[PDB]
>>> print(open('model_24.pdb').read())   # PDB, C-alpha atoms
ATOM      1  CA  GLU A   1       1.267  12.998   4.681  1.00  0.00           C
ATOM      2  CA  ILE A   2       1.654   9.457   6.081  1.00  0.00           C
ATOM      3  CA  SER A   3       3.023   6.687   3.882  1.00  0.00           C
ATOM      4  CA  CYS A   4       2.983   2.879   3.641  1.00  0.00           C
ATOM      5  CA  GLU A   5       2.315  -0.087   1.356  1.00  0.00           C
ATOM      6  CA  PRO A   6      -0.784   0.970  -0.569  1.00  0.00           C
ATOM      7  CA  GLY A   7      -3.460  -1.739  -0.437  1.00  0.00           C
ATOM      8  CA  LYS A   8      -1.995  -3.136   2.805  1.00  0.00           C
ATOM      9  CA  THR A   9      -3.080  -2.720   6.430  1.00  0.00           C
ATOM     10  CA  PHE A  10      -1.265  -2.191   9.730  1.00  0.00           C
ATOM     11  CA  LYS A  11      -1.649  -0.758  13.238  1.00  0.00           C
ATOM     12  CA  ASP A  12      -0.068   2.716  13.054  1.00  0.00           C
ATOM     13  CA  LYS A  13      -2.024   4.575  15.785  1.00  0.00           C
ATOM     14  CA  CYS A  14      -3.056   2.657  18.931  1.00  0.00           C
ATOM     15  CA  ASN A  15      -5.971   1.052  17.068  1.00  0.00           C
ATOM     16  CA  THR A  16      -5.875  -0.370  13.526  1.00  0.00           C
ATOM     17  CA  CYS A  17      -5.298   1.338  10.173  1.00  0.00           C
ATOM     18  CA  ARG A  18      -5.396   0.205   6.546  1.00  0.00           C
ATOM     19  CA  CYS A  19      -2.837   1.797   4.183  1.00  0.00           C
ATOM     20  CA  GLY A  20      -5.033   3.194   1.374  1.00  0.00           C
ATOM     21  CA  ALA A  21      -4.384   2.518  -2.335  1.00  0.00           C
ATOM     22  CA  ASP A  22      -1.978   5.460  -2.045  1.00  0.00           C
ATOM     23  CA  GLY A  23       1.335   5.189  -0.159  1.00  0.00           C
ATOM     24  CA  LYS A  24       0.450   8.213   2.012  1.00  0.00           C
ATOM     25  CA  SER A  25      -2.651   7.308   4.000  1.00  0.00           C
ATOM     26  CA  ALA A  26      -4.663   4.450   5.532  1.00  0.00           C
ATOM     27  CA  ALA A  27      -8.311   4.177   6.660  1.00  0.00           C
ATOM     28  CA  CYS A  28      -8.219   3.326  10.345  1.00  0.00           C
ATOM     29  CA  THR A  29     -10.444   2.270  13.227  1.00  0.00           C
ATOM     30  CA  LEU A  30     -10.610   3.197  16.908  1.00  0.00           C
ATOM     31  CA  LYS A  31     -10.837   1.319  20.213  1.00  0.00           C
ATOM     32  CA  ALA A  32      -8.809   0.904  23.432  1.00  0.00           C
ATOM     33  CA  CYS A  33      -5.090   1.629  22.901  1.00  0.00           C
ATOM     34  CA  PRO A  34      -3.189  -1.547  23.801  1.00  0.00           C
ATOM     35  CA  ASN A  35       0.266  -0.847  25.284  1.00  0.00           C
ATOM     36  CA  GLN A  36       1.256  -3.217  28.126  1.00  0.00           C
TER      37      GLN A  36
END
>>> encode(input="model_24.pdb", output="structure tokens")
Amino acid sequence: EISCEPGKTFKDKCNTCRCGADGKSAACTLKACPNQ
């Protein structure tokens, strides 16, 4: 599932992800979910 520029990073969820080498995933991180 998922998809994006493989090797790149972005926000995605409310924290911060990192599109994995494949255009279908991204290692992410958690923390408060900024919205404002």
>>> residues_around(input="model_24.pdb", residues="residue 19 in chain A", least_positions_apart="2", cutoff="8 Å", atoms="only C-alpha atoms", output="ChimeraX atom specification")
/A:3-10,17,21-27
>>> residues_near_point(input="model_24.pdb", point="(2.0, 4.9, 10.7)", cutoff="7 Å", atoms="all atoms listed in the file", output="PyMOL selection string")
chain A and resi 2+12-13
>>> resolve_selection(input="model_24.pdb", expression="the PyMOL selection byres ((chain A and resi 31) around 9)", output="MDAnalysis selection string")
chainID A and resid 14:16 29:30 32:34
>>> decode(input="model_24.pdb", residues="range 11-35 of chain A", atoms="N, CA, C and O atoms", output="CSV table (one decimal), in the first residue's frame")
chain,number,residue,atom,x,y,z
A,11,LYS,N,5.8,14.2,5.3
A,11,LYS,CA,5.1,14.2,6.6
A,11,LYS,C,4.1,13.1,6.6
A,11,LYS,O,4.0,12.2,7.5
A,12,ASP,N,3.2,13.0,5.7
A,12,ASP,CA,2.2,11.9,5.6
A,12,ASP,C,1.3,11.9,6.9
A,12,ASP,O,0.5,12.8,7.0
A,13,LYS,N,1.5,11.0,7.8
A,13,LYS,CA,0.7,11.1,9.1
A,13,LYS,C,0.8,12.4,9.7
A,13,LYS,O,1.2,13.4,9.1
A,14,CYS,N,0.5,12.5,11.0
A,14,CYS,CA,0.6,13.8,11.7
A,14,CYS,C,2.1,14.0,12.2
A,14,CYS,O,2.4,15.0,12.8
A,15,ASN,N,2.9,13.0,12.1
A,15,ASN,CA,4.3,13.2,12.5
A,15,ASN,C,5.2,13.3,11.3
A,15,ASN,O,5.1,14.2,10.5
A,16,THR,N,6.2,12.4,11.2
A,16,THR,CA,7.1,12.6,10.0
A,16,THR,C,7.5,11.2,9.4
A,16,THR,O,8.0,10.4,10.1
A,17,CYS,N,7.3,11.0,8.1
A,17,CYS,CA,7.6,9.8,7.5
A,17,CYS,C,8.8,9.9,6.5
A,17,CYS,O,9.3,11.0,6.3
A,18,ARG,N,9.3,8.8,6.0
A,18,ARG,CA,10.4,8.8,5.0
A,18,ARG,C,10.2,7.8,3.9
A,18,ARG,O,10.5,6.6,4.1
A,19,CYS,N,9.6,8.2,2.8
A,19,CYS,CA,9.3,7.3,1.7
A,19,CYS,C,10.5,6.3,1.6
A,19,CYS,O,11.6,6.7,1.4
A,20,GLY,N,10.2,5.0,1.7
A,20,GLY,CA,11.3,4.0,1.6
A,20,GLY,C,11.8,3.9,0.2
A,20,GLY,O,11.3,4.4,-0.7
A,21,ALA,N,12.9,3.1,0.0
A,21,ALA,CA,13.4,2.9,-1.4
A,21,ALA,C,12.3,2.5,-2.4
A,21,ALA,O,12.4,2.7,-3.6
A,22,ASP,N,11.3,2.0,-1.8
A,22,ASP,CA,10.1,1.6,-2.7
A,22,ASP,C,9.1,2.7,-2.8
A,22,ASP,O,8.9,3.4,-1.8
A,23,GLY,N,8.4,2.8,-3.9
A,23,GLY,CA,7.3,3.9,-4.0
A,23,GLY,C,6.0,3.3,-3.4
A,23,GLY,O,5.0,3.4,-4.0
A,24,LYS,N,6.1,2.8,-2.2
A,24,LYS,CA,4.8,2.2,-1.6
A,24,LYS,C,5.0,2.2,-0.1
A,24,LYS,O,4.2,1.5,0.6
A,25,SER,N,5.9,2.9,0.5
A,25,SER,CA,6.0,2.8,2.0
A,25,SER,C,6.9,4.0,2.4
A,25,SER,O,7.3,4.8,1.6
A,26,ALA,N,7.2,4.1,3.7
A,26,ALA,CA,8.0,5.2,4.2
A,26,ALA,C,8.2,5.0,5.7
A,26,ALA,O,7.3,5.1,6.5
A,27,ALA,N,9.4,4.8,6.2
A,27,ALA,CA,9.6,4.7,7.6
A,27,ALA,C,9.2,6.0,8.3
A,27,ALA,O,9.5,7.1,7.8
A,28,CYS,N,8.5,6.0,9.3
A,28,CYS,CA,8.0,7.2,9.9
A,28,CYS,C,8.4,7.4,11.4
A,28,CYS,O,9.2,6.6,11.9
A,29,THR,N,8.0,8.5,12.0
A,29,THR,CA,8.3,8.7,13.4
A,29,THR,C,7.1,9.3,14.1
A,29,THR,O,6.1,9.8,13.4
A,30,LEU,N,7.0,9.3,15.4
A,30,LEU,CA,5.8,9.8,16.1
A,30,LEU,C,6.1,10.9,17.0
A,30,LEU,O,7.2,11.2,17.4
A,31,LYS,N,5.1,11.7,17.3
A,31,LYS,CA,5.2,12.8,18.2
A,31,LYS,C,3.9,13.6,18.1
A,31,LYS,O,3.0,13.2,17.4
A,32,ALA,N,3.7,14.7,18.9
A,32,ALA,CA,2.4,15.4,18.8
A,32,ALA,C,2.0,15.6,17.4
A,32,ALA,O,2.8,15.7,16.5
A,33,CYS,N,0.7,15.7,17.2
A,33,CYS,CA,0.2,15.9,15.8
A,33,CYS,C,-0.2,17.4,15.6
A,33,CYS,O,-1.3,17.8,15.9
A,34,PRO,N,0.7,18.1,15.0
A,34,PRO,CA,0.5,19.5,14.7
A,34,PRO,C,-0.7,19.7,13.7
A,34,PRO,O,-0.8,19.0,12.7
A,35,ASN,N,-1.6,20.6,14.0
A,35,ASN,CA,-2.7,20.9,13.2
A,35,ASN,C,-3.0,22.4,13.0
A,35,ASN,O,-3.0,23.0,11.9
